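>>> next input, structure requested:
(4 chains, ligands or ions: 8)
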Amino acid sequence: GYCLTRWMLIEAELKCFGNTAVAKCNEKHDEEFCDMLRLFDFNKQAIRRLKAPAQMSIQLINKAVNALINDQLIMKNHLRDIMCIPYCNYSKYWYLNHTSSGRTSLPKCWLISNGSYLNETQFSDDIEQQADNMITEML
Amino acid sequence: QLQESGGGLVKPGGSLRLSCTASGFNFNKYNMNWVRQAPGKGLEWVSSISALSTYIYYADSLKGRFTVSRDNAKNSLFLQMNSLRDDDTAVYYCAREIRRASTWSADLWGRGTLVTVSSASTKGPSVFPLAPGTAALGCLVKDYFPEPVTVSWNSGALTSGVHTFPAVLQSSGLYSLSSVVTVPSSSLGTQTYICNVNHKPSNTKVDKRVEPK
Amino acid sequence: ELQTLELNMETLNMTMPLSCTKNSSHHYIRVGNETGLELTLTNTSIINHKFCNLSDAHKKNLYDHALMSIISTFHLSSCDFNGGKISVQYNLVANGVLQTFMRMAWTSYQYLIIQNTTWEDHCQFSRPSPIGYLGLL
Amino acid sequence: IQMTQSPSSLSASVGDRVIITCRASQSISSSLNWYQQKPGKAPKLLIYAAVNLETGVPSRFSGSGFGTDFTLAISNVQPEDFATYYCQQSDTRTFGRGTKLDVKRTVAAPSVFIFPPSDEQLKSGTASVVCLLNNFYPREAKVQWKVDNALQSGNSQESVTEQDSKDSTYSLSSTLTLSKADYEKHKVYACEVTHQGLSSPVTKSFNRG
Ligand SMILES: *[C@@H]1O[C@H](CO)[C@@H](O[C@@H]2O[C@H](CO)[C@@H](O[C@@H]3O[C@H](CO[C@H]4O[C@H](CO)[C@@H](O)[C@H](O)[C@@H]4O)[C@@H](O)[C@H](O[C@H]4O[C@H](CO)[C@@H](O)[C@H](O)[C@@H]4O)[C@@H]3O)[C@H](O)[C@H]2NC(C)=O)[C@H](O)[C@H]1NC(C)=O
Ligand SMILES: *[C@@H]1O[C@H](CO)[C@@H](O[C@@H]2O[C@H](CO)[C@@H](O[C@@H]3O[C@H](CO)[C@@H](O)[C@H](O[C@H]4O[C@H](CO)[C@@H](O)[C@H](O)[C@@H]4O)[C@@H]3O)[C@H](O)[C@H]2NC(C)=O)[C@H](O)[C@H]1NC(C)=O
Ligand SMILES: *[C@@H]1O[C@H](CO)[C@@H](O[C@@H]2O[C@H](CO)[C@@H](O)[C@H](O)[C@H]2NC(C)=O)[C@H](O)[C@H]1NC(C)=O
Ligand SMILES: *[C@@H]1O[C@H](CO)[C@@H](O[C@@H]2O[C@H](CO)[C@@H](O)[C@H](O)[C@H]2NC(C)=O)[C@H](O)[C@H]1NC(C)=O
Ligand SMILES: *[C@@H]1O[C@H](CO)[C@@H](O[C@@H]2O[C@H](CO)[C@@H](O)[C@H](O)[C@H]2NC(C)=O)[C@H](O)[C@H]1NC(C)=O
Ligand SMILES: *[C@@H]1O[C@H](CO)[C@@H](O)[C@H](O)[C@H]1NC(C)=O
Ligand SMILES: *[C@@H]1O[C@H](CO)[C@@H](O)[C@H](O)[C@H]1NC(C)=O
Ligand SMILES: *[C@@H]1O[C@H](CO)[C@@H](O)[C@H](O)[C@H]1NC(C)=O
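Residues are numbered from 1 along each chain as shown, chains lettered A, B, ... in the order given. Ligands and ions are numbered 1, 2, ... in the order given. Here you go:
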C-alpha cells in the first residue's frame, strides 16, 4: 500500500491508503489525484538514480510531462476556471476513511471557486454518491 | 568561518555597531541572524535578515531599537544598537540560517563578541586576608571594575586545594571574589602563605601574606 | 467520515519548477534553492532599445540553460542580456501576455518584466505549485 | 508560542541513556531544533526538523516527537557529551531555558566554615561575613544568614564552581557585606546550611562587639 510521509503533507505526519484503493490510478483516467502520485514517484526516481545534477534537468521534466500527466484534464480545469465554474486547484483533496474498519477511498480534489474553498454542503450530493459506491463495495 | 567584532564597553544611553564578516561561502544567498547570551542565562534570539535585505524580523522585547544591515560587497553584517540600557551586556553571535524541510535552521556560528554596559571606571582592587584538623585561608578581592584580575599563590606553587569562585558584581558597578586554599594546620604552623593578586587594568600587584590567628 | 489532506509541493524543489503568487502585480518562478524569475507588472521602463537577441544569448555559452528555458517556452507560447544577466520586458499582444501571466497564476499596467533574483520566502498566502508550468509546457 | 524545557538539570553516569523533553503551547507540527553548547563556546546544531541528523554527528543522538511534545534521546553518553542543551522553535525563532548535564558520583559530605570581617574591612567600614562550603553533591542546597540572636539578612552573594576533571566536585561561597554603623549595632553573626547530602542542618555562629 502506497504511503505518504510527513515531508509531503501539511499538518499531517503519516496518512496513507491501501494498495487496492491506489489500484484505480491506472484504470480510470478522470481522477485528479493520480497525477500527483506520478509526479512524486518521478521525483523520487530522479533524485535517487540520476546523481549530482548540473543545475536542474529541464529536458527531463519537459519529456516526462508528455509521459506522466493528463494534459487534457489540466486544460479542462483551466477552461472551467476562465469560464467561472467551480474548478480544481491541485492542493486540497477530500476522501472517506470509515474509521470503524480502516478501508478508505481515493481522494477527489476539492472544488475552488471565486478564491474560496466552497463548503461541504455545496457538493454534499457527490459525497453521498461515493458513499453509495462503498455500499456497492460492501459486498 | 564567521568573524565577529565591534564589542567592548559603553555607558548607558549610548549606541554601538557590531560587524560580522563571512568567508568560505557565497554570502549573497544566505539568511543571517543575530543571537544573544546573557551571563549565566540561556540563549536569546535578537534579529534576522534575508538574502537581499528585503524581509527583516525582530524580537518583540526590544522592537524599535536595533537595526540590521548587510553590505554584500564586503560580505559584512552590521547590527546597530541604540539607547543602551543596563541589561544590554552579553555575548553576541552571528549565525548563518538555512532552509530545509520547509523550516529554518542555523548550521554555522561565529566566535562571540562581548558587550558591557556599566557606569563605572577601573577601580583599584582591595586585597584582604581571611585567617581561621584543617583550615581554609581566604584571599578576598573587592571593588575592582574590569573582570580580569589574576590570582595565584607562590607563583603557582600551591597546586592543591586552590578554589577561585566566579566574580560577581556590585551595586556600585564593581566586582569581588575570594580565592581560598585548604590545607591542614602544619603549613600555617610552619610557613606564612602568600596570595598574589594582579589587576592588569589598574596595573597593581599585591603579594599579601596571611596572618593566622 | 470525511477528512481533508493538503500536499506540500516543496518536496519537488528539485526536478520540478515551482511557482506561487505574492500580489496581483508580482509573480515568482523558482528553480532549485538559489535562483528564480520575477514576473512584475509595472509602469516603469528599464531598457530603451527595441532589439531582443536570443540566439546570441544561447551562443554566448556563459549562461544557465535552466533559467532561460522557461523564458524560451514562455516566448513560444525587447531584451538586454549584456554581462550575463537576464532581463526581458513586454510593453503594452496584450491579450496573449496577460493570458499567459494568468495561466502562471493558477488592467492599467504598461509593462511586464522578467528578471533574475535570489530565492526568498516571497509568496505570502499562495503555496508553491507546479501546475502552472505543466500547463504552459 | 511558549517553549518549556524539561528538566532543569540531570546527571548521567558514563554508559547510560537519557531523555530531554521540550513542550509548547501550540501544535507546531514538526519545526523544532536541538542545539548543544559547551562552556564558553558557540552553540552547535544537532537536530533540525526534530527528526533529522546533521552532517558530522554521533549516531546515538536521536530525536522524535510531533505536535506539542518533542523528545531528544542520547543513547551512549561519552566524556564529550556533558554540556547544555537548547530546544528552539524555528517558525518564530525562540530559544529555551536549558538542561545541564554532568557526571554522577556518590554523595560527598560538605564541610562548612564561617569568618567574620577582618580589621581592615572595619577600617573601610564594609564589614563582610563569609560562609564557605567545600565538597558538596548534588548541586541543590540551601543557605541562610542570621544576625544577633536570630535574623534573616536576605542580601548576600552566592557563587558555585564547575565540575572538576580529576574528582568532579563542587564548592560554594556566600558573602554578606554591611556598613560600619550596621556592623557595630549588632553582636552575633551566623550562617545556616541545609544540604541534600547532609543528615542534619548546621549553624555556624560567633559573637563580636
Ligand atoms: C528540497 O528537496 C529535497 C528533496 O526532496 C529535500 O531534502 C530531503 O529532505 C528530507 C527531510 O529531511 C530527507 O529525508 C530525511 O533525510 C535525513 C538526512 O539524511 C540524508 O542526508 C543526505 C543529504 O545531506 C542524503 O544524501 C542521505 O541519503 C540521507 O538520506 C535522513 O536522516 C532521514 O532518514 C531518517 O532520519 C531519522 C534519523 O533518526 C529517522 O528517525 C527518520 O525516520 C528517517 O527515516 C530522511 O531520509 C531527504 O533525505 C532529503 N533529500 C535530499 C536529496 O536531500 C529538502 O528538504 C527540500 N528543501 C526544502 C527547503 O524543502
Ligand atoms: C541549496 O541546497 C544545497 C544542497 O541541498 C546546499 O549545498 C550544500 O550546502 C551544505 C551546507 O553548506 C554543504 O555541506 C557542507 O559542505 C562543506 C564543504 O566543504 C563541508 O565542509 C561541511 O562540513 C562542515 O560543516 C558541518 C556543518 O556546519 C560540520 O558539522 C562539519 O563538521 C564540517 O565542519 C558540510 O558538509 C554541501 O556540501 C552543499 N552541497 C551539497 C550537494 O549538499 C546549498 O547551500 C543550498 N543553498 C542555499 C542558499 O541554502
Ligand atoms: C505587492 O508586493 C510588492 C512587493 O512589496 C509591492 O511592490 C512595492 O511597491 C512599492 C510602491 O507602492 C515600492 O515602493 C516597493 O519597492 C515595491 N516592492 C518591491 C519592488 O519589492 C506591491 O506594491 C504590492 N502590491 C501590489 C498590488 O502589487
Ligand atoms: C501606468 O499606466 C496606466 C495607464 O495605462 C495607469 O492607469 C491609470 O492611472 C490613472 C491614475 O491617475 C487613472 O486616472 C487612469 O484611469 C488609469 N487608467 C488609464 C487607462 O489611464 C497606471 O496608474 C500607471 N501606473 C502607475 C504606477 O501610476
Ligand atoms: C541574475 O543572474 C545574473 C547573471 O549572473 C547576475 O548578474 C551578475 O551576477 C554576478 C554574480 O553574482 C555578479 O558578480 C555581477 O555583478 C552581476 N552583474 C551585474 C551587471 O550586476 C544577477 O546578479 C543575478 N540576479 C541576482 C538578483 O543576483
Ligand atoms: C483512518 O483512521 C485510522 C484510525 O486509526 C487511521 O490510523 C488512518 O490513518 C486513517 N486513514 C487515513 C487515510 O488517514
Ligand atoms: C514599449 O512601450 C511603448 C510601446 O507601447 C513605447 O513607448 C516604448 O518605447 C517601448 N519600448 C520598447 C523597448 O519596445
Ligand atoms: C543585439 O541587440 C542590439 C540592440 O541594440 C543590436 O544593435 C545588435 O545588432 C544585436 N545583435 C545581433 C542581432 O546579433
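>>> going forward, measure contacts and count neighbours with C-alpha atoms only.
Noted.
>>> any idea how many residues pack against the residue of chain B at minimum distance from ligand 7?
With Cα to the nearest ligand atom as the measure, the residue in chain B that lies nearest ligand 7 is residue B:52; the distance is 27.6 Å. For residue B:52, the neighbour count with other Cα atoms under 10 Å in any protein chain shown is 18.
>>> contact partners for residue B:83?
Taking Cα atoms under 8 Å, 6 or more residues apart in numbering or on different chains as the contact definition, residue B:83 lies against B:12, B:13, B:14, B:15, B:65.
>>> repeat that with 7 Å
The neighbourhood of residue B:83, defined by Cα atoms under 7 Å, 6 or more residues apart in numbering or on different chains, consists of B:13, B:14, B:15.
>>> also residue C:16?
The neighbourhood of residue C:16, defined by Cα under 7 Å, 6+ apart, consists of residue A:61.
>>> tell me the secondary structure at it.
Applying DSSP: H, G, I helix; E, B strand; the rest coil to residue C:16 yields a three-state assignment of coil.
>>> in what element of secondary structure is the residue most central in space within chain B found?
By Cα atoms, centre = their mean, chain B has its centre lying nearest to residue B:114, at 5.5 Å. Assigned by DSSP states H and E, residue B:114 belongs to strand B:113-117.
>>> by contact count, what packs against that strand?
Packed against strand B:113-117 by the contact rule (3 or more Cα pairs under 7 Å, 6 or more residues apart in numbering or on different chains; DSSP states H and E) you find strand B:8-10, strand B:90-99.
>>> just want the most central residue of chain A.
The C-alpha lying nearest the average C-alpha coordinate of chain A belongs to residue A:33 (Cα atoms, centre = their mean; 1.6 Å).
>>> tell me the contacts of that one?
For residue A:33, the contacting residues are A:107, A:108, A:109, taking Cα under 7 Å, 6+ apart as the criterion.
>>> rewinding a little: ok, for the residue nearest to the centre of chain B, nearest residue in space, not its chain neighbours?
Ranked by Cα to Cα, 6 or more residues apart in numbering or on different chains and with sequence neighbours excluded, the top spatial neighbour of residue B:114 is residue B:91, at 4.6 Å.
>>> picking that back up, closest one of the contacts of residue B:83 to residue D:178?
Each of these was scored against residue D:178 by Cα to Cα, and residue B:13 proved nearest at 31.1 Å.
>>> so the closest one touches residue B:84, yeah?
Yes - if you go by Cα atoms under 7 Å, residue B:13 and residue B:84 touch, sitting 4.7 Å apart.
>>> which non-adjacent residue is nearest residue C:74?
For residue C:74, the spatially nearest residue (Cα to Cα, 6+ apart) is residue C:136, at 7.4 Å.
>>> now the one you found: phi and psi?
Here is the backbone geometry of residue C:136 (degrees, to the nearest 10): phi -70, psi -40.
>>> cool, and residue D:182?
Backbone phi and psi, for residue D:182 under degrees, to the nearest 10, turn out to be phi -70, psi -30.
>>> tell me the contacts of it?
Listed by Cα under 7 Å, 6+ apart, residue D:182 has no contact partners.
>>> could you redo the last one with a cut-off of 10 Å?
When contacts are counted by Cα atoms under 10 Å, 6 or more residues apart in numbering or on different chains, residue D:182 touches D:125, D:126, D:127.
>>> so what's the first one closest to, chain neighbours aside?
Leaving aside its sequence neighbours, residue D:125 sits nearest to residue D:180 (Cα to Cα, 6+ apart; 4.2 Å).
>>> redo the contacts of residue B:83 as TSV? Include secondary structure and neighbour count.
Shown next, in TSV, are the contacts of residue B:83 (DSSP: H, G, I helix; E, B strand; the rest coil; neighbours: other Cα atoms under 10 Å in any protein chain shown):
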residue	secondary structure	neighbour count
B:13	coil	11
B:14	coil	12
B:15	strand	15
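>>> ok, so of those, who is nearest residue D:36?
The shortest distance between residue D:36 and any of the contacts of residue B:83, using Cα to Cα, involves residue B:15 and amounts to 31.5 Å.
>>> from memory the closest one sits against residue B:116, does it?
No - proximity of residue B:15 to residue B:116 does not meet the contact threshold set by Cα atoms under 10 Å, at 11.8 Å.
>>> residues shared between the contacts of those two?
Counting by Cα under 10 Å, 6+ apart, the residues touching both residue B:15 and residue B:116 are residue B:84.
>>> tell me which element residue A:39 falls in.
Taking DSSP H and E as the definition, residue A:39 sits inside helix A:34-48.
>>> that helix and ligand 2, are they touching?
No - under the criterion of Cα under 6 Å from any ligand atom, helix A:34-48 makes no contact with ligand 2; the nearest approach is 11.6 Å.
>>> starting at the chain centroid, how far to that helix?
Using Cα atoms, centre = their mean, to the nearest Å, the distance from the centre of helix A:34-48 to the centre of the chain it belongs to is 13 Å.
>>> mind checking the SS state of the closest residue to ligand 5 within chain A?
When scored by Cα to the nearest ligand atom, chain A has residue A:55 as its residue closest to ligand 5, at 13.5 Å. Taking three-state DSSP as the rule, one finds residue A:55 in the coil state.
>>> try residue C:66
Note that with three-state DSSP, the state of residue C:66 is helix.
>>> residues in contact with it?
Taking Cα under 10 Å, 6+ apart as the definition, contacts of residue C:66 comprise A:54, A:55, A:56, A:57, A:58, A:59, C:17, C:31, C:32, C:35, C:36.
>>> that concludes my questions; thank you for your assistance.
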